[PDB]
Each structure stands twice: as C-alpha cells, then as structure tokens.
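Asks: Coordinates for the following, if possible.
(2 chains, ligands or ions: 6)
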2 protein chains.
Amino acid sequence: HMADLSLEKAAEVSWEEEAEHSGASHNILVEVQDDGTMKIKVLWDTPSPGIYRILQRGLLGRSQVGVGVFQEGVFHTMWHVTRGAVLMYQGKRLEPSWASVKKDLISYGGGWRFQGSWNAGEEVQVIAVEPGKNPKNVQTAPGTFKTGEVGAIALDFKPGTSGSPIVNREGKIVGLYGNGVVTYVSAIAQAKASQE
Amino acid sequence: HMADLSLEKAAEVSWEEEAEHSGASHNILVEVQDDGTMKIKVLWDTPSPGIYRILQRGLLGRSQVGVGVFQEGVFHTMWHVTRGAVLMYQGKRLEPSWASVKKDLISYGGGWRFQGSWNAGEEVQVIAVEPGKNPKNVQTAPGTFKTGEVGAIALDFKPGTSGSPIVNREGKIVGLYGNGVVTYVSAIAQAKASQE
Ligand code: NI
Ligand code: NI
Ligand code: NI
Ligand code: NI
Ligand code: NI
Ligand code: NI
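Replies: Numbers count the residues shown, from 1 in each chain, chains lettered A, B, ... in the order given. Ligands and ions are numbered 1, 2, ... in the order given. Here you go:
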C-alpha cells in the first residue's frame, strides 16, 4: 500500500480486416446500381501508444483487473477498474486527471483524447485483451439503447477485459468496452475529447 | 460523485446438498470397512446477514461490479471491487475498516469475521451471484498452490461475480471467490478473523 496497480503493454490499436465476427446478427451495407450490379461496400518521451493490461499484485501472482489505452500520452481506462488509483508504469507514478463516474471512464496524464463516434448500423471491432490471452479483434454489430443514445454490445469476455477499446473501420477508437447491464450488453463507453 | 456504489441483497449463505458440480475432477472421500462394506462418507439493528450485489450507477442502468457478504454486521468483499469506496446501504454510508491488498480483501463496519479454513482434498461450494442471474451453488474441488499454501479454483463466472463466498459442508465461509491468474484459477481468498 499503495501503488498496487501497474501497467504492461499488450497490443497496438487497429482494425483487422478479416477479424473474427461474433454476435447474433450482422449489419451489412449494400450498394445497388441501376446497371444490375450489387456490391458489398524520433523517440518521443511519452508512454508508447497502445493497449495495456492493468495488473494488481495478488497471492497467486499479478492478476489483470482491467485494460486501458495510451493515446497522445494519455492513458484511458474505466472508472470501476481503478477508481482514481495511481498507476505505476516504468517506475513512474501516473495520477488521474479526469473522470466521469456516469460514463464509467477515467484518464491519466491529460484529458480524454478519443475522437471516434460510432454510428447506428455500423459494425465495430473490440480489441479484447483477456487475462492470459493474446489480444483478439472481434467484429460485432452493436445495437442502440436510449437515454445521449448509446451503442451497446452483446459479447461476453473474461473478467478483467473491461477497458478494451472498440475501433471503427478507420482504426479510430469509438469507446471502451464497458461493464454491462443484463441479455448481457455493455455500453460503448465514450466521452467527448478535451481542449485548452 | 461520490457514493457511486450501493448494495442490494441477493441470497443467504448455505451449502446446498445436491448442488450442481462443476470442474475437471471430483475429490471423493471413501470409508472402507473390514466387513466388506464401502461407504461414500427479535429484529437486530444491523444489516441483514447475506450475499449482496455491489452496484455502480452507469448509463444503461446500475451495473454489478462485484459481490460481498454481511456477517455479524460486517460487510466483506474484494479489495479490487471497491478500493475502499464508501458503500450506500439504506441511505446509510458504510466506511471501510480493514483491508489487505495482498489478499485482495476488505471489510466495512469491523474486522474480518469469517472463521472457515479450507482443507486440501475437500470440495466446496461457490455461491456464485452473477449479474442478472439468481444465486447458484456450484460444488467444485479446489487444487492447492504454494507460497501460506492456498486453495485455488478453476471455474469461470461472468464479470462482476468476484466476492461471491465459498462455503464448506458446515455452511461456513472458507473465503471469497477471487480474481485469478491464468488455466484460469482464482484463489480462495481468506484472512484470519479479528479480535479486541
Ligand atoms: Ni496509502
Ligand atoms: Ni454469425
Ligand atoms: Ni470490470
Ligand atoms: Ni468526491
Ligand atoms: Ni464431472
Ligand atoms: Ni473482478
């Protein structure tokens, strides 16, 4: 006590063409033409951008309590994973900068950096970083639910995977794979990016 | 902010004879005899003892981030679930009293109350309280792992189930269903009970 959490890199962010699809249904955008054709449409001194495991030292070894993403020197994860705890990376203490309990989000080292917005009917990929597994891209079709109207995803991952990022076809992050309500769906948890 | 977590009762603690068994293997104690027979051997002003869901208010509704147990007026859960956050029960604020980051445990309202110790070769039941499911007793045979030598369990539950209690045949709690290392095993997370 304290400084019980530390980070370890696990992957880079990208959309994988030909990633595995999972889910009840697919959303497929079709282009129809009048001619009868139908078509299915320097080293920086900053933490290296990527996906990282958030790890807590336990009795059987370090267990993964969640995942997050460094982008532009800012670490983004879920509020329930750390609750504002300092994070150790390379001997350095990372202090929290911004949080939204309501969206279940938090950033360390600056304000929310993600710019992606998800659009109803598009499919996304979750870059699931499950405890003891290699990162895996899972293509899925979110539904929407009303309140902001929110994307929600019906996929089931191991405990500790929350904070894995959800990317669109451009490879931009549209949110983080959240905790769910239950018919287990997780919100696409996103905030607006920050400014001076 | 703050007081984002609240509790809701879900079950009582007991061993269920004839609960579902799950796991790779069974440990069965056999009694052999020389004669050729072989045998398979007032309302209190305190929170009501039981198993409770620990809930965080999100955008899709309240999500379950973990489970804990009131016993003798003390609430016991996992350190990673709350990290010492106040818990709301019936309008009242519950403040943390004791924690062990190393065992991943915390109690609110007093010191650790559980007296159960698990013994190599005995089977136990996890009273799994998964998000959106009814409590379920799961009988399983832990292995042991060395460091205290610790029971460890190979069962997979939904995110949010950690803190569910593990009971022996007498209905006493031998620990709480922990976070795992990964071959995903969770520690039987237990501490010695407390004194004046
Ligand atoms: Ni401290
Ligand atoms: Ni399919
Ligand atoms: Ni989680
Ligand atoms: Ni506050
Ligand atoms: Ni069996
Ligand atoms: Ni957990």
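Asks: Write out the residues of chain A neighbouring ligand 6.
Replies: residue A:159 (Cβ under 5 Å from the ion). In this view, the C-beta of every residue, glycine as well, is placed from N, C-alpha and C.
Asks: Residue A:186 sits in which helix or strand?
Replies: Using DSSP states H and E, residue A:186 falls within strand A:185-189.
Asks: Show me what that strand is packed against.
Replies: strand A:143-145, strand A:150-153, strand A:173-181 (3 or more Cβ pairs under 8 Å, 6 or more residues apart in numbering or on different chains; DSSP states H and E).
Asks: Direction included, what does the second one pair up with?
Replies: In this case it means strand A:150-153. strand A:143-145 (antiparallel), strand A:185-189 (antiparallel) (DSSP bridges).
Asks: Residue A:45 is nearest to which of these?
Replies: strand A:185-189 (29.4 Å; Cβ to Cβ).
Asks: so, in contact with ligand 3 or not, the closest one?
Replies: No: applying Cβ under 5 Å from the ion, one finds strand A:185-189 out of contact with ligand 3, separated by at least 9.4 Å.
Asks: what angle do that strand and strand A:173-181 make?
Replies: 150 degrees (axes from the mean of the first three to the mean of the last three Cα atoms, to 10 degrees).
Asks: Give me the residues contacting strand A:185-189.
Replies: A:78, A:103-105, A:118, A:124, A:142-143, A:145, A:150-155, A:162, A:166, A:174-180, B:58-60 (Cβ atoms under 8 Å, 6 or more residues apart in numbering or on different chains).
Asks: Of the residues you listed, grab the buried ones for PyMOL.
Replies: To isolate the buried members of the contacts of strand A:185-189 in PyMOL, using 16 or more other Cβ atoms under 10 Å in any protein chain shown:
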select buried, (chain A and resi 78+103+104+105+118+124+142+145+150+151+152+153+154+155+162+166+174+175+176+177+178+179+180) or (chain B and resi 58+59+60)
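Asks: can you narrow the contacts of strand A:185-189 to ones near ligand 3?
Replies: residue A:162.
Asks: Break chain A into its domains for me.
Replies: A:1-13+A:47-115, A:14-41+A:116-192 (curated CATH domains).
Asks: residues in contact with stretch A:134-147?
Replies: Contacts for stretch A:134-147 (Cβ under 8 Å, 6+ apart): A:10-11, A:15-16, A:19-23, A:25-27, A:51, A:118, A:120, A:123-130, A:150-155, A:185, A:187-188, B:59-60.
Asks: Using ChimeraX, define a selection of the buried residues within those residues.
Replies: Applying 16+ other Cβ under 10 Å to the contacts of stretch A:134-147 leaves a buried subset, and the ChimeraX line that selects it is:
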select /A:10,11,15,19,23,51,118,123,124,125,126,127,128,129,130,150,151,152,153,154,155,185,187,188 /B:59,60
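Asks: taking the contacts of stretch A:134-147 one by one, which sit in strands?
Replies: If you go by DSSP state E, these have A:10-11, A:20-21, A:51, A:124-128, A:150-153, A:185, A:187-188 in strands.
Asks: Using PDB, list the CA coordinates for stretch A:118-135.
Replies: Extracted in PDB, the C-alpha atoms of stretch A:118-135 (Å, rounded to 0.1, in the frame of the first residue of the first chain):
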ATOM      1  CA  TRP A 118     -20.000   5.200 -33.600                       C
ATOM      2  CA  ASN A 119     -22.900   5.400 -36.000                       C
ATOM      3  CA  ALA A 120     -26.000   3.200 -35.800                       C
ATOM      4  CA  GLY A 121     -25.800   0.300 -38.200                       C
ATOM      5  CA  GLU A 122     -22.000   0.200 -38.500                       C
ATOM      6  CA  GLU A 123     -20.100  -2.800 -37.000                       C
ATOM      7  CA  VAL A 124     -17.100  -2.300 -34.900                       C
ATOM      8  CA  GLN A 125     -14.200  -4.300 -33.600                       C
ATOM      9  CA  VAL A 126     -13.400  -4.900 -29.900                       C
ATOM     10  CA  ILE A 127      -9.800  -5.400 -29.400                       C
ATOM     11  CA  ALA A 128     -10.300  -7.700 -26.500                       C
ATOM     12  CA  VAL A 129      -7.300  -8.200 -24.200                       C
ATOM     13  CA  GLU A 130      -8.400 -11.100 -22.000                       C
ATOM     14  CA  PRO A 131      -6.300 -12.100 -19.000                       C
ATOM     15  CA  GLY A 132      -3.600 -14.700 -20.200                       C
ATOM     16  CA  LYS A 133      -4.700 -14.500 -23.800                       C
ATOM     17  CA  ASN A 134      -3.300 -12.700 -26.800                       C
ATOM     18  CA  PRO A 135      -5.200  -9.600 -28.000                       C
END
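Asks: Is residue A:112 in a helix, a strand, or coil?
Replies: coil (DSSP: H, G, I helix; E, B strand; the rest coil).
Asks: now the closest residue to ligand 1 within chain A: how far from ligand 3?
Replies: Closest approach between chain A and ligand 1, counting by Cβ to the ion: residue A:2, at 4.0 Å. Here residue A:2 is placed at a distance of 20 Å from ligand 3 (Cβ to the ion, to the nearest Å).
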